[PDB]
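To convert, note that position 115 of the sequence shown is 115 in PDB author numbering; the numbers rise steadily by one, no gaps.
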Amino acid sequence: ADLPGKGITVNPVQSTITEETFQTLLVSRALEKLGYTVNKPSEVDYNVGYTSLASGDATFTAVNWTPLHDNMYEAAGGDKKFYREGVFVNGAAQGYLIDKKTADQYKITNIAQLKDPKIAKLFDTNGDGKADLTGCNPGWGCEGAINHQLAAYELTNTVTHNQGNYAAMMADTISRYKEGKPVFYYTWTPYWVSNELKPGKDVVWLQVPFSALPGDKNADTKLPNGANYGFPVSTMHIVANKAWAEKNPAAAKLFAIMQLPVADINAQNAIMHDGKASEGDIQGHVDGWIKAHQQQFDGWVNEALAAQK
Ligand SMILES: C[N+]1(C)CCC[C@H]1C(=O)O
């Protein structure tokens with residue numbers, strides 16, 4: 001009769017990106033149905049998350065990105081210290097965008113065109129002549145990807161990687177876009193930005209001149225027709241402490257089979273951004289998703305409970 005997680009405490013970890021909370025708590029709810037006591041997530045830098053997971057201070061994360069986290073994953077112990085099975089979120093996109101108005105006028109389709117200082121000046125916001133790319137916070141996996149690519153594409157003389165607080169910077173970028181000025185930024189899905197600036201209407205994605213990712217000399221981000229946006233279709237995974245997973249087969253199975261559509265996280269993140277972003281609202285987003293997918297959610301729980309436990 002007794003549920004397998006009775007008496008066992010779970011510590012989730014995510015980053016300080018509040019938009020990660022929904023998917024983290026979805027896993028927490030599932031573990032609670034398996035009987036576990038789940039604490040509120042710790043919100044720490046990704047790299048701190050991975051070392052905590054490897055030591056056993058943290059139990060799971062649900063925001064492990066491939067390939068952007070590969071270097072942090074391997075560095076912290078890789079498959080020797082971590083359990084990682086299945087695919088939690090498929091079909092994420094990332095890349096570089098400029099406003100469609102500017103792209104159409106000057107016929108800009110490739111980031112390599114920003115080597116021309118005249119083109120780059122269009123996107124200068126601080127007057128130093130260089131294009132100002134709204135980029136990634138220190139510690140994000142995309143920090144390393146963007147730095148690597150600007151160097152590889154010979155863009156460091158005309159393009160600046162602006163770093164700080166991405167969410168605040170993007171509000172300024174949207175404000176500038178609304179004044180009718182050119183903008184240049186990196187983003188990903190799922191996140192709230194793509195709801196405000198939509199490709200084909202407001203903005204366009206830029207291609208890159210060849211494949212370049214840090215730590216993999218033979219990376220190939222090309223699509224079958226030869227078009228390249230600089231990043232592959234990306235996925236998120238649930239990652240757990242390996243030793244904990246070996247002792248908790250019901251949880252291990254649950255982690256391998258849970259799946260959340262990228263569109264659902266996009267929708268939740270958009271609602272948060274329109275003002276409903278308190279802890280209490282996010283809990284209700286999670287509870288409402290479950291009620292709307294009750295058969296699926298219960299199926300995951302039933303499969304986990306039927307593991308050899
Ligand atoms: C901030 N991010 C959510 C953007 C894509 C993956 C991740 C990161 O760069 O690590």
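We treat Cβ as the ideally placed atom computed from N, Cα and C, and that holds for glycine.
With 16 other Cβ atoms within 10 Å as the buried cut-off, status of residue i
| i | result |
| --- | --- |
| residue 95 | buried |
| residue 241 | buried |
| residue 254 | buried |
| residue 312 | The question about residue 312 has no answer, for the chain in this structure spans 1 to 309. |
| residue 64 | buried |
| residue 109 | exposed |
| residue 127 | exposed |
| residue 151 | exposed |
| residue 243 | exposed |
| residue 76 | buried |
| residue 179 | exposed |
| residue 190 | buried |
| residue 310 | Residue 310 lies beyond the residue range present for the chain, which begins at 1 and ends at 309; the question has no answer from this structure. |
| residue 131 | buried |
| residue 15 | buried |
| residue 141 | buried |
| residue 1 | exposed |
| residue 295 | exposed |
| residue 210 | exposed |
| residue 308 | exposed |
| residue 175 | exposed |
| residue 19 | buried |
Own chain, CB closer than 8 Å to residue i, minus 5 neighbours either side, in chain order
| i | result |
| --- | --- |
| residue 245 | 83, 251, 252 and 255 |
| residue 30 | 254, 258, 297, 300, 301 and 304 |
| residue 37 | 5, 7, 8, 9 and 10 |
| residue 170 | 134, 185, 187 and 193 |
| residue 146 | 133, 135, 136, 161 and 186 |
| residue 262 | 89, 90, 91, 92, 189 and 190 |
Close Cβ partners of residue i (< 6 Å) along its chain, the five nearest in sequence each way excluded
| i | result |
| --- | --- |
| residue 144 | 214 |
| residue 85 | 256 |
| residue 27 | 62 |
| residue 111 | 96, 206 and 208 |
| residue 222 | 228 |
| residue 197 | 203 |
| residue 42 | 13 |
Strand pairing of residue i, partner residues [DSSP]
| i | result |
| --- | --- |
| residue 222 | 228 |
| residue 97 | 185 and 205 |
| residue 236 | 65 and 89 |
| residue 216 | 213 |
| residue 13 | 42 and 61 |
| residue 199 | 203 |
| residue 110 | 207 |
| residue 83 | 240 |
Near ligand 2: residue i beta-carbon under 8 Å from a heavy atom
| i | result |
| --- | --- |
| residue 209 | By its list of ligands, the structure shown excludes ligand 2, since it contains just ligand 1. |
Same chain, Cβ closer than 7 Å to residue i, neighbours up to 5 away in sequence not counted
| i | result |
| --- | --- |
| residue 114 | 120, 131, 155, 158 and 159 |
| residue 274 | none |
Any chance you could list the beta strand (DSSP E) runs of at least 3 consecutive residues sitting entirely within the region 114-179, in chain order? 131-134 and 159-162
Neighbourhood of ligand 1 [Cβ distance below 5 Å to any heavy atom], ordered by chain position: 65, 68, 140, 141, 142 and 188
Unbroken beta strand (DSSP E) runs of length 3 or more, entirely within the region 34-81: which are they? 60-66
Runs of 4 residues minimum, wholly inside the region 242-309: which ones carry the alpha helix (DSSP H) assignment? 242-247, 249-257, 262-273, 279-292 and 294-305
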